[PDB]
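Written out below as structure tokens is the structure these notes cover.
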Amino acid sequence: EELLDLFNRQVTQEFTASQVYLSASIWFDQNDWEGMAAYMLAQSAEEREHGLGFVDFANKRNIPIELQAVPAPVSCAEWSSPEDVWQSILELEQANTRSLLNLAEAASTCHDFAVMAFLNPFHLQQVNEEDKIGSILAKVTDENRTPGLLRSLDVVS
Amino acid sequence: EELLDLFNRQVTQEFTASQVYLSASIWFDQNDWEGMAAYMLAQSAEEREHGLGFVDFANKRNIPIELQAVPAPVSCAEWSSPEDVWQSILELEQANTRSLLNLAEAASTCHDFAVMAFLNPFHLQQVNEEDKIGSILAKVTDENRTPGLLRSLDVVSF
Amino acid sequence: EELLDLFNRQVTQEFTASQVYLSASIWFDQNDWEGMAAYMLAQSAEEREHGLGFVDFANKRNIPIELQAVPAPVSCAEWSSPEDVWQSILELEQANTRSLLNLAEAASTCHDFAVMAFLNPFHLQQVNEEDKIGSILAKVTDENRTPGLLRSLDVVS
Amino acid sequence: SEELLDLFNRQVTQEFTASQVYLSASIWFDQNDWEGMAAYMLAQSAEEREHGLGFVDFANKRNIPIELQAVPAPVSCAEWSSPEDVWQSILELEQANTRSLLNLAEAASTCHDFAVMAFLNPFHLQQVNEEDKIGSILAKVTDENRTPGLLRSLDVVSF
Amino acid sequence: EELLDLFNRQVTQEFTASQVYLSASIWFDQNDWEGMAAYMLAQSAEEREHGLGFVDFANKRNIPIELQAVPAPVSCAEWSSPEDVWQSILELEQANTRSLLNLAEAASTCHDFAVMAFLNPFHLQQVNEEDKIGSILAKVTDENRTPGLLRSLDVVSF
Ligand SMILES: [Fe+3]
Ligand SMILES: [Fe+3]
Ligand SMILES: [Fe+3]
Ligand SMILES: [Fe+3]
Ligand SMILES: [Fe+3]
Ligand SMILES: [Fe+3]
Ligand SMILES: [Fe+3]
Ligand SMILES: [Fe+3]
Ligand SMILES: [Fe+3]
């Protein structure tokens, strides 16, 4: 099934996202943006929890899960400012949203009511997440127009 | 209307299931499996509560309900061991699930978004119920391989 | 620097172990061993925490970290009983122990006192972990000599 | 009362000897992953040492000279190959512990040593309880070990 | 013997560091950076506590201590901005780190396991201290690129 394979790929996408966020925390910590680093660490953990929630449902529903490699994050080689990092995180959340939507489309096709119900809170959370990351990126982009200004607002926490 | 008939039938199915669970409690109690009996009795009440939830929604949404007979459970006559009981209960939940999924299909066909929304927690509850029942059944089947060992699932656990 | 390369590989090893524990949880859950599944799930989280610890230390000490792929867990495909799973986990912990000891050796050669100090609690944790896993494996191997009896370990402990 | 003073001194040795045999049993059980039985033996080891300390305290107070002897190496641990073997040795140890205290009380009685006899009473009653408890466990172990793996239940649950 | 010398020098280095931090507080206070001043004063007290810890250990281990002069701080004659102060304090911690590592190599050579164990928490504290000072210096150097902005760090953090 399309639905089985896609359900597995969703697990992989959550854990990939978790590792991309961790990469982002490392870039931030290495460049002394400790606040932004903490934010990314927290998000890394929450994406892994999403992945675990998908594994749990799959196990219950007898959807076979085979854990795939979690690829090495690559965007961290090109980041040179906070803006770059937040833009890559926005793109990551857009891609997490598209993958949930593909999954839901396959479930809709299959008349898989339980899967569609399972996905609903993640659809709504993805709305919130893309909105939050978008908002931060807009703030970052504005503040960084003045030297030092952005730093003064990582310091928060 | 098909949606309406299937909504009525769903009430029947929940009450049917409640009675099959009661039947299972009886067989266990009669055979001194008081733990498994308690589990079945609790599930009997819960099934009945599901029925009642369907009745309440129906009443709100002006879906006419006419209570049907609650058929007599038939599988107890055959049961010989706890394995046979838990297997019949798994089959009952699998049928509870197919019934909900058919009602959801009818609702989808009719664009009845309210009914589809109302069913969603039931869809997810059935996933959990089939998993839990399947798990117990696997334990029962394994433990019963050694004489008397299953009598420790009951007394210890449950 | 061997030291810096080994410190990076230790992060990958912690995350690899996290994913192998998750694969153990899955096999247990799929096979209705919910007790053992939960044990594996918890140990998965803890191994990730260890990896996070090494990342944080590295950031503070200016050891550059580049996240590597976390390879797909392999042992899963061939597990057939709980004994097989627990045996693979013991072998993982034994490997986890050797990796830390090799890192410590490289640190000792370099006179890297800070890294040696950082590693001390992990050395002692591994002793505890290998002991605990070996002890569960011995119980599983003994109990599984009687059909169904091991299904008792799970339900109780 | 040279006999008495002697046997009292040696009773300290006997308690500490028993403490070490319990410790040995704890080690055998830990090394073989019976952590439940191991903990029980470790606790009994501490308690036998306390009994010895009680004998020493009483002797100091009653001007009975104490000279601490070597505590012999435990040797039953070489032969042990199952829990049954361990618990049988521990039963034998307690039965020996009881005989040693009765011989001490016999010597006190002969000497009209009312204080020592009073001091020993709670110990005579404790040994009754200890031999019963150990005998009961050994009976359980012996029965459960008739089915492979089943004794691992005793450990994991109880203890 | 060299361990004994290096262990006395370590006490000296901690007290010398204490005084340098005190100098940094004075410079900040005089220049109305009261937040940075209080941070430096806190670090001054803490470096003195570390020296006292070394003294206590030495007394216990019969390592004879003879207290050396605390030299007059001199970096404070040349500081013109907060960045210059923080840079000096980074160099200070880097030298405190070096002195601990020298001492640990000497204990290692002598197989002095007690000394090496005593040092372990200090090795890890120095990693944290250099990281923290490094991070503050990065923030100061960035924020000082806009006139007046660094006054924001002083009031907000610290
Ligand atoms: Fe996600
Ligand atoms: Fe996301
Ligand atoms: Fe139901
Ligand atoms: Fe680990
Ligand atoms: Fe581990
Ligand atoms: Fe005793
Ligand atoms: Fe005794
Ligand atoms: Fe210091
Ligand atoms: Fe310092």
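Chains as they are written, first to last, in the entry's author numbering: chain E, 2 to 158; chain D, 2 to 159; chain A, 2 to 158; chain H, 1 to 159; chain F, 2 to 159.
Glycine included, every Cβ here is placed at the ideal spot set by N, Cα and C.
### Query
Got a sec: which bits of the segment 84 to 116 of chain D sit with their beta carbon under 9 Å from any beta carbon on chain E, in order along the chain?
98, 101, 102, 105, 106 and 109
### Query
So which residues on chain D does residue 146/E lean against when the C-beta distance must stay under 7 Å?
What residue 146/E touches in chain D: nothing, since even the nearest Cβ is about 46 Å away.
### Query
How would you list, in chain order, the residues of chain A whose beta-carbon sits under 9 Å from the beta-carbon of residue 73/E?
67, 68, 69, 70 and 71
### Query
What do you reckon, is the C-beta of residue 9/D under 6 Å from a heavy atom of ligand 3?
no
### Query
How many whole angstroms separate the CB atoms of residue 115/H and residue 62/H, which I take to be in contact at a CB cut-off of 8 Å?
7 Å
### Message
Against chain A, which members of the segment 26 to 56 of chain H pass a CB distance test of less than 8 Å?
### Response
Of all residues in the segment 26 to 56 of chain H, those with a C-beta nearer than 8 Å to a C-beta of chain A are 32, 33 and 35, reading in chain order.
#### Entry: Limits of the alpha helix (DSSP H) - the one that residue 112/F falls within
For residue 112/F, no alpha helix (DSSP H) segment is defined, and its DSSP state is neither H nor E.
### Under the three-state DSSP convention, the category residue 75/A falls into
The answer is coil: DSSP assigns residue 75/A none of H, G, I, E or B.
### Query
Nearest to residue 102/A by alpha carbon, out of 128/A, 81/A, 89/A and 30/A?
128/A
### Query
ligand 9 heavy atoms versus the CB of residue 130/F: any closer than 6 Å?
yes
### Query
Taking DSSP as the reference, what is the three-state secondary structure of residue 34/H?
coil
### Task
With 8 Å as the C-beta to C-beta threshold (strictly closer), list the residues of the segment 119 to 145 of chain A near chain D in chain order.
none
### Query
Which residue comes first and which comes last in the alpha helix (DSSP H) that contains residue 151/E?
150 to 155
### Query
Between residue 70/A and residue 88/A, what straight-line distance do the alpha-carbon atoms span, to the nearest angstrom?
25 Å
### Query
In or out: residue 140/E buried (at least 16 other Cβ within 10 Å) or exposed?
exposed
### Query
Can the beta-carbon of residue 130/D be found less than 7 Å from the beta-carbon of residue 94/D?
yes
### Task
Sort 142/F, 132/F, 100/F and 6/F by Cα distance to residue 58/A and report the nearest one.
132/F
### Query
Using the rule of at least 16 other Cβ atoms within 10 Å of the residue's Cβ for burial, across every protein chain shown, is residue 75/A buried or exposed?
exposed
### Task
Please compile the residues from chain A whose C-beta is within a distance smaller than 7 Å of the C-beta of residue 157/H.
Among the residues of chain A, those whose CB is under 7 Å from the CB of residue 157/H are 157, following chain order.
### Task
Verify the contact flag: residue 63/E, CB atom, against every heavy atom of ligand 7, threshold strictly below 6 Å.
no
### Query
Is residue 48/D near ligand 3, in the sense that its beta carbon is under 6 Å from a heavy atom of that ligand?
yes
### Message
Output needed for residue 145/D: all residues of its chain with C-beta closer than 8 Å, excluding positions within five of it in sequence on either side, in chain order.
### Response
Annotation for residue 145/D: 82, 83, 84 and 151 place their beta carbon closer than 8 Å to its own, counting only its chain and skipping 5 residues before and after.
### Task
Give the secondary structure of residue 70/H by DSSP, where H, G and I count as helix, E and B as strand, and everything else as coil.
coil
### Query
By the 10 Å Cβ neighbour count, where 16 or more other Cβ atoms means buried, how is residue 159/A classified, buried or exposed?
The structure shown has nothing for residue 159/A, since chain A only spans 2 to 158.
### Task
Going by CA-CA distance only, name the one from 134/E, 120/E, 111/E and 26/E that's closest to residue 51/E.
120/E
#### Entry: Rounded straight-line distance, which links the Cα of residue 157/H to that of residue 109/H
45 Å
### Query
Within 6 Å: the Cβ of residue 121/E and any heavy atom of ligand 2?
no
### Message
Against residue 62/E, what residues of chain D qualify as contacts under a CB-to-CB distance less than 8 Å, listed in chain order?
### Response
128 and 132
### Query
Quick one: what's got a C-beta closer than 7 Å to residue 113/F's C-beta in the same chain, skipping five residues either side?
The answer, listed in chain order, is 4.
### Query
DSSP on residue 159/H, reduced to helix/strand/coil?
coil
### Query
If we cut at 7 Å on Cβ distances, does residue 10/H have a partner in chain A?
Cβ-Cβ to chain A under 7 Å: no for residue 10/H.
### Query
Rounded to the nearest angstrom, how far is the Cβ of residue 60/E from that of residue 31/A, given a contact under 8 Å?
6 Å
### Task
Starting from the C-beta of residue 8/F, find all residues in its chain whose C-beta is less than 7 Å away, skip the five residues before and the five after it, and write them out in chain order.
59, 64 and 104
### Task
For residue 82/F, return the contacting residues in chain E, with the cut-off set at a CB-CB distance below 7 Å.
By Cβ distance, chain E contributes nothing, its closest Cβ being about 14 Å from residue 82/F, past 7 Å.
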